[PDB]
Every structure is written in structure tokens, then in C-alpha cells.
Amino acid sequence: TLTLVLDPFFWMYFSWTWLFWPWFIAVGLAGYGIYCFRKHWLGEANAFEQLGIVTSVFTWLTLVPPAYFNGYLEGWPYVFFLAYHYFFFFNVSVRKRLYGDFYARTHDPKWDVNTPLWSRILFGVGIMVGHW
Amino acid sequence: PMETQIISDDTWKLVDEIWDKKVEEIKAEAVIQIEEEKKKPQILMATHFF
């Protein structure tokens with residue numbers, strides 16, 4: 133570790149990767165998002181991890197493609213990244229104000245409509261395709 | 806003696822019934838009361854949106 137650090141040539145080559153400090157975060161957070169998605173699929177997700185799941189989806193939707201195509205993000209993509217999160221955090225407030233907390237309650241199994249999983253994945257993939 | 810039988814033999818059956826129901830309810834309540842798997846926050850409610 134020490135001969136890695138105090139070597140000026142590793143400082144010339146490891147600071148050679150700061151140009152893509154924007155691209156260190158935007159992909160490294162995706163691994164956290166998918167890991168938390170698997171953890172929630174098992175059934176052990178805290179609030180921060182599920183927030184990170186929707187954040188992973190929403191950020192990877194809005195900000196990544198124009199940053200990839202033009203190399204500079206200034207303006208509307210920022211405010212729509214804000215607007216999407218401001219949009220999805222609306223079931224939380226209504227289902228917390230007139231409730232005790234966010235814990236799922238007991239009800240009949242037939243009430244909630246389900247829909248085949250392939251169609252759900254197709255919807256997500258089509259949403260990605262349309263955004264890109 | 807002049808007093809014949811009083812309230813019933815069926816009311817004794819009913820009070821035996823309620824005694825047994827309460828005893829069985831206590832027996833069930835004693836041993837299966839505590840079991841917990843998890844209480845995880847449901848903050849990915851997709852049925853509202855997705």
C-alpha cells in the first residue's frame with residue numbers, strides 16, 4: 133500500500149482517472165441498487181435500501197442517457213430527476229398521514245390485482261427503451 | 806322434601822361448553838402466542854404506481 137501511495141507514477145496514473153469521476157458514481161450505485169433489490173426480493177429491506185431501489189430505477193432512467201449522449205448535463209434533466217422523485221414520494225405521505233406507519237396490514241388475498249411477471253418486466257424494459 | 810328439579814340439565818351442558826371453550830382458548834393462547842418472522846417497511850408499494 134505504501135509503495136503504491138508514495139510512488140509519483142501511480143499518482144500520475146491513478147489521478148489519470150479523475151476525468152471520469154462522474155462515471156465512478158453513476159455505475160457504482162447501480163450495483164448497490166441491484167443488491168438491495170435482491171435483498172428486498174428475499175424480504176429483508178430497510179427503508180433506505182428500497183429508497184435506493186426506486187432511486188436506482190429513476191436516476192438510471194432520467195440522467196444517464198443524456199449524460200451519455202452529450203457529455204454535459206445542464207437544465208431540464210436535473211429538474212425532471214427532481215420531479216420524478218417528488219412524484220413517487222406521494223403514496224408514502226398519504227399512506228403515512230392517515231395511518232400508523234408503513235407496515236403492511238392484513239387483508240384478503242383476492243383484493244390486490246396481480247399481473248404476469250413477464251409483462252411487468254416488459255413494461256420496465258419498454259420504459260427504459262423509450263427513455264433512451 | 807317438596808322441591809323437584811331446578812334450572813336444567815341443558816344449562817349445565819352450556820356452562821360446561823363455555824368452560825371448555827375458555828379452557829381451550831387459554832391452552833391455545835399459552836403456546837402459540839409469540840412467533841415473529843420480520844416486520845420490514847413496505848416502502849416499495851408498487852401496486853399504487855408500478
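Residue numbers (the deposited numbering), protein chains in the order written: chain G, 133 to 264; chain A, 806 to 855. Built from N, CA and C at the ideal position, the CB exists for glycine as well.
Classify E181/G: buried if its beta carbon has 16 or more other beta carbons within 10 angstroms, exposed otherwise.
With 16 or more Cβ atoms within 10 Å of its Cβ, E181/G is classed as buried.
Residues of chain A with a CB under 9 Å from the CB of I185/G: which are they?
Neighbours of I185/G on chain A, chain order: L849.
Taking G175/G as the query, report the chain A residues whose CB atoms sit under 9 Å from its CB, ordered along the chain.
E842, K843 and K845
With distances taken Cα to Cα, identify the nearest neighbour of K843/A among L230/G, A177/G and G207/G.
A177/G
Among residues of its own chain, excluding the 5 on either side of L136/G, which ones have a beta-carbon nearer than 6 Å to its beta-carbon?
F142
So which residues of chain A does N202/G contact, with C-beta pairs closer than 8 Å?
In chain order: nothing, as chain A lies at least about 29 Å away.
Would you list, in chain order, the members of the region 215-234 of chain G that have their beta-carbon closer than 8 Å to a beta-carbon of chain A?
Result list: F220, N223, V224, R227, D233 and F234.
Checking 7 Å against the spacing of the C-beta atoms, do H239/G and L193/G come in under that value?
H239/G places its beta carbon 7 Å or farther from that of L193/G.
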